[PDB]
């Protein structure tokens, strides 16, 4: 349905150049474009799989030896893309689930699976660092639905030994709600 493309670079200038080139190269939307660590840079793009593969090929080729890593995740539910670039709005607040993973790939796949197997809202997906760092997703919905989402996402990261922790919180305390849903 949509693809996600990721490109991580050692150079900020190279990253702006690559972001520019990738956007001109194909019909894709920028989801993420930011520096991280002591001078690294991360681009994430979405769009149809052909356009994303073409963007990330362009960018990988431009990156040369300043490339940390790049990846194309095909077949990602469309609702995941806005959870990566911002926050989705919460349509139902009974429970919150959070799944924390090693690597943004594990976290996107887990969220995709969560959204495909349940009816929760994927509220947001957050990366501590880069492609290889700690990442976590937050889901919101009725307690049964959140339980199911979290189970599937946990299983998904867990098969690969990349699950860090999972939690279902029915009725989140008012003092934690905003942080959970806005970051």
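Positions refer to the first chain, counted from 1.
When the mean C-alpha temperature factors of 127-135 and 150-158 are read from the deposited coordinates, 127-135 comes out higher. Here 117-125 and 35-43 are compared by their mean Cα B-factor, and 35-43 comes out higher. Among the modelled residues of the chain, residue 61 sits in the highest third by CA temperature factor in this PDB entry.
Residue 12: CA B factor lies in the highest third for its chain, per the PDB record.
Among all modelled residues in its chain, residue 103 ranks in the middle third by Cα B-factor. Ranked against the other modelled residues of its chain, the C-alpha B-factor of residue 95 as given in the entry falls in the lowest third. Per the deposited record, the Cα B-factor of residue 30 falls in the middle third when ranked against the other modelled residues of its chain.
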